[PDB]
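**Student:** Before I ask anything, here is the structure I am working with.
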Amino acid sequence: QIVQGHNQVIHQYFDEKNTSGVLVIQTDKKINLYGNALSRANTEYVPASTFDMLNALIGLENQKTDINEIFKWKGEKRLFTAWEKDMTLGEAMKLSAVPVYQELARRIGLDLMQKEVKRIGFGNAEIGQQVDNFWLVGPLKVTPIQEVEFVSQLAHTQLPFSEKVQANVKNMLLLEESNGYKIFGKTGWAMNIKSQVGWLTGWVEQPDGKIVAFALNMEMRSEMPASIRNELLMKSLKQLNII
């Protein structure tokens, strides 16, 4: 069942950050919705950088790359200074280095990419004719509910990929670790549109191994401080006693 959770306090956290957002939590097969814009949970958005998780899975499964490959920076200035170096697929995951994921997408090629995306059934599963930017500007879109379900399956090694490939992608996603709890995840921000979308999608692995998956989806503005998605997430997870 998908249902609105105990939300008085978290609704207030979203209002206090002057944003419009939803937090989707999946434990077992139960999904709960929190925040001040719950209709966002079933609204389709571009996945932006969050697609990198599925791009990696497809690329590794089909041996178009491996976890030790160094992707070469050819010397051109990039959108961000942090991206201006040779790096592995996993380092590119952490940095959301789009040139690396675009390179990988082109290796995969349109035919294999569309076949895989359809097989997984990610979002609307539409990639169009442009293999190198379909997750950034459309036509591929996905709801927060779909994202939490995807990442929950990754965390449980239930996606229809090899076990080793799934383990290797999970290993690229560790964000924070303390008091026995691990937090894995992936941020995203579609900056170049009228309604900027911010993502933070991942899971908590609790000390006993239990998995609680999350997908935060909110409207971003340029004026927002850098940590805002992580800050709202951690506050909300603490309030729900997930951490």
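In the structure tokens, chains take letters A, B, ... by order of appearance, with residues numbered from 1 within each chain and ligands from 1 in the order shown.
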Tell me, as a PyMOL selection string, which residues lie within 12 Å of residue A:95, counting only C-alpha atoms; anything in the same chain fewer than 3 positions away does not count.
**Tutor:** chain A and resi 49-50+52+79-85+87-92+98-101+172-173+175+186-188
**Student:** Give me the residues within 10 Å of residue A:147 as number ranges by chain, counting only C-alpha atoms and dropping any in the same chain fewer than 4 places off.
**Tutor:** A: 24, 41, 47, 50-51, 122-123, 142-143, 151-153, 199-202, 213-217
**Student:** Taking the DSSP assignment computed from this structure's backbone, write out as a ChimeraX atom specification all residues of stretch 71-118 of chain A that belong to helix (DSSP H, G or I).
**Tutor:** /A:81-83,89-95,98-108,110-118
**Student:** Would you output that residue set with N, CA and C atoms, as a PDB file, in the first residue's frame?
**Tutor:**
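The resulting again_39.pdb:
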ATOM      1  N   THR A  81      34.617  22.555 -12.029  1.00  0.00           N
ATOM      2  CA  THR A  81      36.045  22.311 -11.857  1.00  0.00           C
ATOM      3  C   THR A  81      36.364  20.927 -11.261  1.00  0.00           C
ATOM      4  N   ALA A  82      35.540  20.465 -10.324  1.00  0.00           N
ATOM      5  CA  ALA A  82      35.702  19.121  -9.732  1.00  0.00           C
ATOM      6  C   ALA A  82      35.676  17.978 -10.761  1.00  0.00           C
ATOM      7  N   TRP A  83      35.093  18.214 -11.943  1.00  0.00           N
ATOM      8  CA  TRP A  83      35.016  17.186 -12.990  1.00  0.00           C
ATOM      9  C   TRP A  83      36.244  17.112 -13.893  1.00  0.00           C
ATOM     10  N   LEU A  89      34.387   5.133 -12.998  1.00  0.00           N
ATOM     11  CA  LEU A  89      32.945   5.171 -12.991  1.00  0.00           C
ATOM     12  C   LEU A  89      32.399   5.508 -11.595  1.00  0.00           C
ATOM     13  N   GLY A  90      32.997   4.938 -10.552  1.00  0.00           N
ATOM     14  CA  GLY A  90      32.532   5.173  -9.192  1.00  0.00           C
ATOM     15  C   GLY A  90      32.780   6.588  -8.700  1.00  0.00           C
ATOM     16  N   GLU A  91      33.921   7.149  -9.072  1.00  0.00           N
ATOM     17  CA  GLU A  91      34.220   8.543  -8.721  1.00  0.00           C
ATOM     18  C   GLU A  91      33.273   9.475  -9.486  1.00  0.00           C
ATOM     19  N   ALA A  92      33.004   9.133 -10.749  1.00  0.00           N
ATOM     20  CA  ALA A  92      32.023   9.870 -11.558  1.00  0.00           C
ATOM     21  C   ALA A  92      30.612   9.777 -10.959  1.00  0.00           C
ATOM     22  N   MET A  93      30.286   8.641 -10.356  1.00  0.00           N
ATOM     23  CA  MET A  93      29.006   8.514  -9.627  1.00  0.00           C
ATOM     24  C   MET A  93      28.911   9.507  -8.473  1.00  0.00           C
ATOM     25  N   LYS A  94      29.943   9.535  -7.635  1.00  0.00           N
ATOM     26  CA  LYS A  94      29.987  10.418  -6.481  1.00  0.00           C
ATOM     27  C   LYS A  94      29.881  11.890  -6.889  1.00  0.00           C
ATOM     28  N   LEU A  95      30.577  12.261  -7.964  1.00  0.00           N
ATOM     29  CA  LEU A  95      30.601  13.644  -8.452  1.00  0.00           C
ATOM     30  C   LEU A  95      29.474  13.990  -9.424  1.00  0.00           C
ATOM     31  N   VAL A  98      28.746  14.253 -15.547  1.00  0.00           N
ATOM     32  CA  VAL A  98      27.945  13.893 -16.714  1.00  0.00           C
ATOM     33  C   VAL A  98      28.736  13.497 -17.957  1.00  0.00           C
ATOM     34  N   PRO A  99      29.919  14.101 -18.204  1.00  0.00           N
ATOM     35  CA  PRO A  99      30.634  13.667 -19.406  1.00  0.00           C
ATOM     36  C   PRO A  99      30.989  12.190 -19.426  1.00  0.00           C
ATOM     37  N   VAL A 100      31.259  11.627 -18.250  1.00  0.00           N
ATOM     38  CA  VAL A 100      31.573  10.211 -18.127  1.00  0.00           C
ATOM     39  C   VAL A 100      30.323   9.383 -18.422  1.00  0.00           C
ATOM     40  N   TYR A 101      29.197   9.756 -17.822  1.00  0.00           N
ATOM     41  CA  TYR A 101      27.941   9.027 -18.070  1.00  0.00           C
ATOM     42  C   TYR A 101      27.429   9.203 -19.503  1.00  0.00           C
ATOM     43  N   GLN A 102      27.735  10.331 -20.127  1.00  0.00           N
ATOM     44  CA  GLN A 102      27.424  10.495 -21.557  1.00  0.00           C
ATOM     45  C   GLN A 102      28.294   9.585 -22.423  1.00  0.00           C
ATOM     46  N   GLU A 103      29.582   9.514 -22.113  1.00  0.00           N
ATOM     47  CA  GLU A 103      30.473   8.598 -22.803  1.00  0.00           C
ATOM     48  C   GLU A 103      29.967   7.162 -22.704  1.00  0.00           C
ATOM     49  N   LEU A 104      29.598   6.743 -21.493  1.00  0.00           N
ATOM     50  CA  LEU A 104      29.118   5.392 -21.257  1.00  0.00           C
ATOM     51  C   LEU A 104      27.844   5.128 -22.034  1.00  0.00           C
ATOM     52  N   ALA A 105      26.909   6.082 -21.992  1.00  0.00           N
ATOM     53  CA  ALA A 105      25.655   5.962 -22.752  1.00  0.00           C
ATOM     54  C   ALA A 105      25.907   5.708 -24.241  1.00  0.00           C
ATOM     55  N   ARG A 106      26.881   6.412 -24.812  1.00  0.00           N
ATOM     56  CA  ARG A 106      27.196   6.263 -26.236  1.00  0.00           C
ATOM     57  C   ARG A 106      27.787   4.887 -26.549  1.00  0.00           C
ATOM     58  N   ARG A 107      28.497   4.293 -25.590  1.00  0.00           N
ATOM     59  CA  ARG A 107      29.037   2.935 -25.763  1.00  0.00           C
ATOM     60  C   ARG A 107      27.930   1.916 -25.767  1.00  0.00           C
ATOM     61  N   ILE A 108      26.992   2.108 -24.841  1.00  0.00           N
ATOM     62  CA  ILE A 108      25.825   1.251 -24.721  1.00  0.00           C
ATOM     63  C   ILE A 108      25.047   1.302 -26.028  1.00  0.00           C
ATOM     64  N   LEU A 110      21.926   3.354 -28.532  1.00  0.00           N
ATOM     65  CA  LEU A 110      20.485   3.565 -28.405  1.00  0.00           C
ATOM     66  C   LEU A 110      19.666   2.264 -28.312  1.00  0.00           C
ATOM     67  N   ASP A 111      20.004   1.278 -29.139  1.00  0.00           N
ATOM     68  CA  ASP A 111      19.237   0.033 -29.196  1.00  0.00           C
ATOM     69  C   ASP A 111      19.271  -0.685 -27.846  1.00  0.00           C
ATOM     70  N   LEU A 112      20.472  -0.890 -27.315  1.00  0.00           N
ATOM     71  CA  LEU A 112      20.644  -1.606 -26.050  1.00  0.00           C
ATOM     72  C   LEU A 112      20.067  -0.797 -24.889  1.00  0.00           C
ATOM     73  N   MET A 113      20.292   0.521 -24.897  1.00  0.00           N
ATOM     74  CA  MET A 113      19.761   1.393 -23.855  1.00  0.00           C
ATOM     75  C   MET A 113      18.239   1.342 -23.792  1.00  0.00           C
ATOM     76  N   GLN A 114      17.569   1.483 -24.924  1.00  0.00           N
ATOM     77  CA  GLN A 114      16.100   1.412 -24.923  1.00  0.00           C
ATOM     78  C   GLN A 114      15.589   0.023 -24.534  1.00  0.00           C
ATOM     79  N   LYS A 115      16.251  -1.033 -24.991  1.00  0.00           N
ATOM     80  CA  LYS A 115      15.834  -2.398 -24.647  1.00  0.00           C
ATOM     81  C   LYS A 115      15.932  -2.619 -23.127  1.00  0.00           C
ATOM     82  N   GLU A 116      17.036  -2.156 -22.539  1.00  0.00           N
ATOM     83  CA  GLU A 116      17.281  -2.307 -21.098  1.00  0.00           C
ATOM     84  C   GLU A 116      16.342  -1.465 -20.263  1.00  0.00           C
ATOM     85  N   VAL A 117      16.164  -0.205 -20.649  1.00  0.00           N
ATOM     86  CA  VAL A 117      15.285   0.686 -19.914  1.00  0.00           C
ATOM     87  C   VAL A 117      13.842   0.168 -19.944  1.00  0.00           C
ATOM     88  N   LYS A 118      13.433  -0.396 -21.076  1.00  0.00           N
ATOM     89  CA  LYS A 118      12.100  -1.016 -21.182  1.00  0.00           C
ATOM     90  C   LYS A 118      11.995  -2.266 -20.317  1.00  0.00           C
TER      91      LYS A 118
END
**Student:** So how many Å separate atom CA of residue A:239 and atom CA of residue A:25, to one decimal?
**Tutor:** 12.7 Å
**Student:** Identify, on the basis of only C-alpha atoms, every residue whose closest approach to residue A:165 does not exceed 9 Å; exclude the query and any residue fewer than 3 positions from it along the same chain; express the result as a list in words.
**Tutor:**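 What passes the distance filter is residues 56, 57, 58, 60, 61, 161, 162, 168, 169 and 170 of chain A.
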**Student:** Among stretch 34-156 of chain A, which residues does DSSP mark as strand (DSSP E or B) when it is run on the backbone? Keep the chain and numbering as in the structure and answer as a list in words.
**Tutor:** residues 34, 35, 45, 71, 87 and 142 of chain A
**Student:** Could the residues in this selection be saved with N, CA, C and O atoms as a PDB file, in the first residue's frame?
**Tutor:**
ATOM      1  N   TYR A  34       5.549  11.797   2.991  1.00  0.00           N
ATOM      2  CA  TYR A  34       5.694  12.893   3.934  1.00  0.00           C
ATOM      3  C   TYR A  34       6.026  14.172   3.172  1.00  0.00           C
ATOM      4  O   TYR A  34       6.498  14.131   2.036  1.00  0.00           O
ATOM      5  N   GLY A  35       5.791  15.314   3.800  1.00  0.00           N
ATOM      6  CA  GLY A  35       6.135  16.612   3.201  1.00  0.00           C
ATOM      7  C   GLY A  35       4.946  17.522   3.031  1.00  0.00           C
ATOM      8  O   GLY A  35       3.886  17.288   3.598  1.00  0.00           O
ATOM      9  N   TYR A  45       8.990  13.427 -13.287  1.00  0.00           N
ATOM     10  CA  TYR A  45      10.083  14.394 -13.512  1.00  0.00           C
ATOM     11  C   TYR A  45      11.240  13.734 -14.233  1.00  0.00           C
ATOM     12  O   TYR A  45      11.394  12.503 -14.180  1.00  0.00           O
ATOM     13  N   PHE A  71      38.310   6.805 -16.952  1.00  0.00           N
ATOM     14  CA  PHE A  71      37.819   7.674 -18.023  1.00  0.00           C
ATOM     15  C   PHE A  71      38.704   8.922 -18.102  1.00  0.00           C
ATOM     16  O   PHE A  71      38.918   9.601 -17.089  1.00  0.00           O
ATOM     17  N   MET A  87      38.942   9.948 -14.152  1.00  0.00           N
ATOM     18  CA  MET A  87      38.257   9.321 -13.034  1.00  0.00           C
ATOM     19  C   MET A  87      37.601   7.997 -13.406  1.00  0.00           C
ATOM     20  O   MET A  87      37.321   7.726 -14.574  1.00  0.00           O
ATOM     21  N   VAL A 142      10.165  10.000 -14.570  1.00  0.00           N
ATOM     22  CA  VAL A 142       9.996   9.013 -13.498  1.00  0.00           C
ATOM     23  C   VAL A 142       9.398   9.717 -12.278  1.00  0.00           C
ATOM     24  O   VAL A 142       9.714  10.878 -12.020  1.00  0.00           O
TER      25      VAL A 142
END
**Student:** May I have the residues within 12 Å of residue A:32 as an MDAnalysis selection string, using only C-alpha atoms and disregarding those fewer than 2 positions away in the same chain?
**Tutor:** chainID A and resid 1:7 22:30 34:35 38 41 144:145 148:149 212:215 240
**Student:** Pick the closest to residue A:42 from A:129, A:141, A:209, A:225: which is it, counting only C-alpha atoms?
**Tutor:**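 Closest to residue A:42 of all the choices is A:141.
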**Student:** Of the candidates A:73, A:181, A:134, A:189, which shows the shortest atom-to-atom distance to residue A:243, using only C-alpha atoms?
**Tutor:** A:181
